[PDB]
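K.L.:
before I ask anything, here's the sequence and the deposited coordinates:
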Protein chains: 2
Amino acid sequence: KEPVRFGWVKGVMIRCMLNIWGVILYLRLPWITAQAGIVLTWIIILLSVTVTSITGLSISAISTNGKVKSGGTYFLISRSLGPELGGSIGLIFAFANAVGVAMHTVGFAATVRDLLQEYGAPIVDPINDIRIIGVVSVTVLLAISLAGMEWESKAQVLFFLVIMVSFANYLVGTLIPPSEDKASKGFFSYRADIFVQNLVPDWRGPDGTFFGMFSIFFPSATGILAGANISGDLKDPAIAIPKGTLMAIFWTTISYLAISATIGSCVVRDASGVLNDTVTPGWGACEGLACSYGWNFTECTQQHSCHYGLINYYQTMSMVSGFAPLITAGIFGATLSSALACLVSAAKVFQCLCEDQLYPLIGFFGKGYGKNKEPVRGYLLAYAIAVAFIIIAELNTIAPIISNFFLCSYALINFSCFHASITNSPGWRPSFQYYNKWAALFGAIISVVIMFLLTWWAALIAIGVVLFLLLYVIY
Amino acid sequence: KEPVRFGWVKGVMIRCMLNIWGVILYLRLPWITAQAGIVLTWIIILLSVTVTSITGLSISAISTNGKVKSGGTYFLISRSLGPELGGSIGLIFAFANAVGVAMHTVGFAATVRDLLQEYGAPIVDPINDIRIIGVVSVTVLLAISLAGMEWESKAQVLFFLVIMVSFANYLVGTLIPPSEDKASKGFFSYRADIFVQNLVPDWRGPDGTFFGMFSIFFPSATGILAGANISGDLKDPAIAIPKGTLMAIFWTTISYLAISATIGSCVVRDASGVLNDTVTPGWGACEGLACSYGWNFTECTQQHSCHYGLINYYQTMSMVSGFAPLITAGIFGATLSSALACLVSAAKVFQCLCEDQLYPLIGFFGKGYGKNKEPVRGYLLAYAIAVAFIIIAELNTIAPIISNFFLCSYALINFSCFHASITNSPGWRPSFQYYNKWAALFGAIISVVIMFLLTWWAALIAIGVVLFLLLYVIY
Ligand SMILES: CN1[C@@H](CSCC(F)(F)F)Nc2cc(Cl)c(S(N)(=O)=O)cc2S1(=O)=O
Ligand SMILES: CN1[C@@H](CSCC(F)(F)F)Nc2cc(Cl)c(S(N)(=O)=O)cc2S1(=O)=O
Ligand code: NA
Ligand code: NA
């Protein structure tokens, strides 16, 4: 009974694309497009996908160096900077993945709760909705993931199809001439006037700055290592990991640019929401862009007190669409798939750390064999952390620390590549064509600059945890 | 012709006491005593002299381990964490010392300029006063330091005597019943009412917070390594360095407490400065503490627009005194002595780095022998940096980076002691009685906490410079 192996389009490309896409695509990108206009939004996107392209090239170069087992992403850190930054960064990576599982299942449970609160009676508590729904969802994901690897692959293909259907729904919705309901909320079809008026920023509110929008977006463009954590479950990784990872990054960035450039030329940043604001012939004068189509939104701009339009209403994308519930389906598919990718990623790193002879820290976790060619001993450890961080259910303060645990790995992977390449390390001969030491050095420096720049105390906590593990292991 | 060696009272105690005392004693301590009252000022002092007591114990333990040449303070860093944090921290230490020479000579030149601007015609430029005076003063200090070591010792004893004379002048001045000039500016003799009213804070202005006052004070309590940088010029360092350094710290702290507790019970925090504010019998009512003695300062407190009193006038200590010019003499002696101690400290570390075989980075500086048992090759290097940072003459922005170069050494010295003591390093047997690994660990952790807490970007620059030197030396 041979194990199942995957090609490059279902085992690498789909996984990375589905882990990069989140709910920022559906709830915040249309808002960032309004705060910062179109050109600066493109600049933010192209700055974010430059760090993850350099890390992508380093990962691709790592993959063409030989055969590495599923979850041996930190082996280069270990054999280039000693086996005590190997295990420490591996443990940080595999703990942050198992926390990201919870930070996604909570986001899915929030949507389920929001739908339940309108269509029927919820159960008594306002926040225990999230806890019960999150725990049930995590148990279902654990069950399907523990039933094999073909089943996880089929579920991921299903989520991909649902996301594509939501994209098509959006794109055919924007081409429909506006109805009164859609017009009165700020939607007109592709107009040249609304495109030009939206190319320049309009910073509004306490969080409306270029660095604020960069800090909102950047953590949702990472997630490129989801096809390299299962390196051993591919038919030939040395051709499948470079091409799959880079195609994922390319197509994700294209979809990020198209959505902003199209939503930025259909909706105005201010709208009333009440249909009694048509033009009255002889209403003195009106000030605003929308009069030339037949709508009068002066009271908003004078008083700054309406809830609709691109800059005020967070769910504009779900009202431009032809059929609204398909966008909710897209949100479900974009959140569950990220949770599943993170749960399969944290299992295959705990299972590599539990069988690492050179890092005996947690090698004592073995009681039951579970020999089904599956990491049963690495799934329960991830499940326990995932549930323990769903019971808390309040995770907006832990997000910076986890997001910096994920950049302490982007720094050490890139620096391990550079250090092994300048030292001429004995056994480091990557054959990937597009790779350079100085690009890796730049990536390793920027990944620390950004990490301290986003929030300075969480970066210190992230460094302190790694340093404590390092020192306790040495002594 | 044997070289000259010093005892423990002139070679260690005087040097450390004179480098700890600065112009904060004369221009800012009476102000901090008014912002934060008396109890919190004592708390600030006793928190600052806890980091430098733990570092003092680590230095004392280092000194009883054997014989170390003049300027080998970093040898423990080198033989406990490799010879590439040895030289890098040694270079950072000896560059920050040679910059502190400039940051003190500029402070002396400022006082000379301020006196010149009143008693006669200055030369044409307002800021070239500082440049010319600073360069001349540094050349005079270099000349006396380069003429030998006995002459430097005699100059330091002279500065010590001048500081003691200013202290006596102050202390006999506060016991004189007030004159009208001194009363109208806010000075009354030791009163019980002004003591109680001044025990509690009164935070005023943009910089008036507990952390603001800690950040002003703390960098002026360090400077305890000035008697350990000349370890080889002592008759027996293993008895002279512990006792001298700890007695310096003790007596400095006593003088810091006495000045604040006595200036806090003689002056009120608000005064007018004009003698027409005596009590007029029948002036309705007056509100304020000073009426019961016979002075009426209501207009100040109502309008917040007067320049005198403890909290508003920075030179209160120079008007309480019996004879004002002796306080100026004390300021001269407190600034020149710190410049001289730093110039002798940076010479004897550059001269140890130029003859270090295991750190060949700057070993190429040797052209002229200068064999006079004096570091002629290490004095010109310090002089060039000192002059280059006096020509700039604007140093209030470089102060944080230098002050963090001085804590990157307090961290590594303490951690080197701890690491060598837990590893049971082969050759580390300190016989100092009062020493503990965990005290050193606490010192090494607090020295980084404070370093990032004072200003977060300058700490990153200070770490980046050390890391760049480390990496460039390895490759
Ligand atoms: C969206 N994620 C961001 C973190 S930003 C949100 C935060 F968690 F910070 F709150 N980074 C990564 C990176 C990787 Cl490499 C992987 S993965 N599955 O390849 O190992 C997963 C993730 S993520 O899904 O957690
Ligand atoms: C007053 N100094 C403070 C720095 S605070 C002012 C700043 F420079 F930061 F702006 N720390 C030290 C420490 C030492 Cl050990 C030595 S010394 N001569 O023993 O080597 C000298 C000094 S200092 O004189 O520079
Ligand atoms: Na997803
Ligand atoms: Na001094």
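P.N.:
It's in. Residues are numbered from 1 along each chain as shown, chains lettered A, B, ... in the order given. Ligands and ions are numbered 1, 2, ... in the order given.
K.L.:
continuing past the helix or strand containing residue A:168, what's the next helix or strand?
P.N.:
Following DSSP states H and E, one finds residue A:168 within helix A:150-173. Downstream of helix A:150-173, the first helix or strand assigned by DSSP H and E is helix A:180-184.
K.L.:
only C-alpha atoms, please: export the helix holding residue A:168 in CSV.
P.N.:
The C-alpha trace of helix A:150-173 is given here as CSV (Å, rounded to 0.1, in the frame of the first residue of the first chain):
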residue,chain,number,x,y,z
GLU,A,150,-6.8,12.7,0.1
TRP,A,151,-9.8,13.9,2.0
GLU,A,152,-8.0,17.1,3.1
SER,A,153,-7.0,17.6,-0.6
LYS,A,154,-10.6,17.2,-1.7
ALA,A,155,-11.9,19.6,0.9
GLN,A,156,-9.3,22.2,-0.2
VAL,A,157,-10.4,21.8,-3.9
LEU,A,158,-14.0,22.4,-2.7
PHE,A,159,-13.0,25.6,-0.9
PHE,A,160,-11.1,26.8,-4.0
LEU,A,161,-14.2,26.2,-6.2
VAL,A,162,-16.4,28.2,-3.8
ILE,A,163,-13.9,31.1,-3.8
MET,A,164,-13.9,31.2,-7.6
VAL,A,165,-17.7,31.2,-7.6
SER,A,166,-17.8,34.2,-5.3
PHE,A,167,-15.3,36.0,-7.5
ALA,A,168,-17.4,35.4,-10.6
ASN,A,169,-20.5,36.6,-8.7
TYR,A,170,-18.8,39.8,-7.8
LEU,A,171,-17.5,40.4,-11.3
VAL,A,172,-20.8,39.8,-13.0
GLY,A,173,-22.5,41.9,-10.4
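K.L.:
how about it and ligand 1, any contact?
P.N.:
No: using Cβ under 6 Å from any ligand atom, helix A:150-173 never reaches ligand 1; the gap is at least 12.3 Å. For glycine as for every other residue, the C-beta is placed from the backbone atoms N, C-alpha and C.
K.L.:
please point out which parts of that helix sit buried.
P.N.:
Using 16 or more other Cβ atoms under 10 Å in any protein chain shown as the test for burial, helix A:150-173 gives A:152-153, A:155-156, A:159-160, A:162-163, A:165-167, A:169-170, A:173.
K.L.:
likewise for stretch A:277-288?
P.N.:
Buried-residue list, stretch A:277-288, by 16+ other Cβ under 10 Å: residue A:277.
K.L.:
identify the residues contacting that stretch?
P.N.:
Stretch A:277-288 is contacted by residues A:184, A:270, A:291, A:294-298, A:301 when judged by Cβ atoms under 8 Å, 6 or more residues apart in numbering or on different chains.
K.L.:
what does stretch A:41-48 give?
P.N.:
So stretch A:41-48 is contacted by A:32-33, A:36, A:210, A:213-214, A:217-218, A:221, A:253, A:256-257, A:260-261, A:264 (Cβ under 8 Å, 6+ apart).
K.L.:
one more pass at 10 Å, please.
P.N.:
Stretch A:41-48 is contacted from outside by A:29, A:32-37, A:53, A:201, A:210, A:213-214, A:216-222, A:252-253, A:256-257, A:260-261, A:264, A:446, A:450, using Cβ atoms under 10 Å, 6 or more residues apart in numbering or on different chains.
K.L.:
in helices, which of those appear?
P.N.:
Using DSSP state H, the members of those that fall within helices are A:29, A:32-35, A:53, A:210, A:213-214, A:216-217, A:252-253, A:256-257, A:260-261, A:446, A:450.
K.L.:
are any of those buried, and which?
P.N.:
By neighbour count, with 16+ other Cβ under 10 Å, the ones in helices among the contacts of stretch A:41-48 hold A:29, A:32-35, A:53, A:213-214, A:216-217, A:252-253, A:256-257, A:260, A:446, A:450 as buried.
K.L.:
could you list the contact residues of the stretch 301-450 of chain A toward chain B?
P.N.:
When proximity is defined as Cβ under 10 Å from any Cβ of the partner chain, the stretch 301-450 of chain A approaches chain B at A:415, A:419, A:422-423, A:445, A:448-449.
K.L.:
tell me the spatial nearest neighbour of the residue in chain A that ligand 2 sits nearest to, not counting adjacent residues.
P.N.:
Nearest residue of chain A to ligand 2, counting by Cβ to the nearest ligand atom: residue A:456, 21.2 Å away. Sequence neighbours aside, residue B:456 is the residue nearest to residue A:456 in space, at 4.9 Å (criterion: Cβ to Cβ, 6 or more residues apart in numbering or on different chains).
K.L.:
ok, now which ones touch the one you found?
P.N.:
A:452, A:456-457, A:459-460.
K.L.:
ok, the residues you listed vs chain B, which is closest?
P.N.:
residue A:456 (4.9 Å; Cβ to the nearest Cβ).
K.L.:
give the buried subset of the residues of the stretch 301-450 of chain A next to chain B as a ChimeraX selection command.
P.N.:
Entered in ChimeraX, the line below selects the buried ones among these, by 16+ other Cβ under 10 Å:
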select /A:415,419,448
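K.L.:
ok, which pair from the residues of the stretch 301-450 of chain A next to chain B is furthest apart?
P.N.:
A:423 and A:449 (23.9 Å; Cβ to Cβ).
K.L.:
still on that earlier bit, with distance to residue B:319 added, can I get the buried residues of helix A:150-173 in CSV?
P.N.:
Formatted as CSV, these follow (distance: Cβ to Cβ, whole Å):
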residue, distance to residue B:319
A:152, 81
A:153, 84
A:155, 82
A:156, 80
A:159, 79
A:160, 80
A:162, 81
A:163, 77
A:165, 83
A:166, 78
A:167, 78
A:169, 81
A:170, 76
A:173, 79
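K.L.:
dump those to CSV, plus distance to ligand 4.
P.N.:
Output for these, formatted as CSV (distance: Cβ to the ion, whole Å):
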residue, distance to ligand 4
A:152, 71
A:153, 73
A:155, 73
A:156, 70
A:159, 70
A:160, 72
A:162, 74
A:163, 70
A:165, 76
A:166, 72
A:167, 71
A:169, 76
A:170, 72
A:173, 76
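K.L.:
so can I have CSV of those residues showing distance to ligand 2?
P.N.:
CSV is the format used below for the buried residues of helix A:150-173 (distance: Cβ to the nearest ligand atom, whole Å):
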residue, distance to ligand 2
A:152, 58
A:153, 60
A:155, 60
A:156, 57
A:159, 57
A:160, 58
A:162, 60
A:163, 56
A:165, 63
A:166, 59
A:167, 58
A:169, 63
A:170, 58
A:173, 63
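K.L.:
for residue A:212, give me its contacts.
P.N.:
A:32, A:35-36, A:203, A:205-206.
K.L.:
repeat that for residue A:385.
P.N.:
A:94-99, A:101-102, A:346, A:350.
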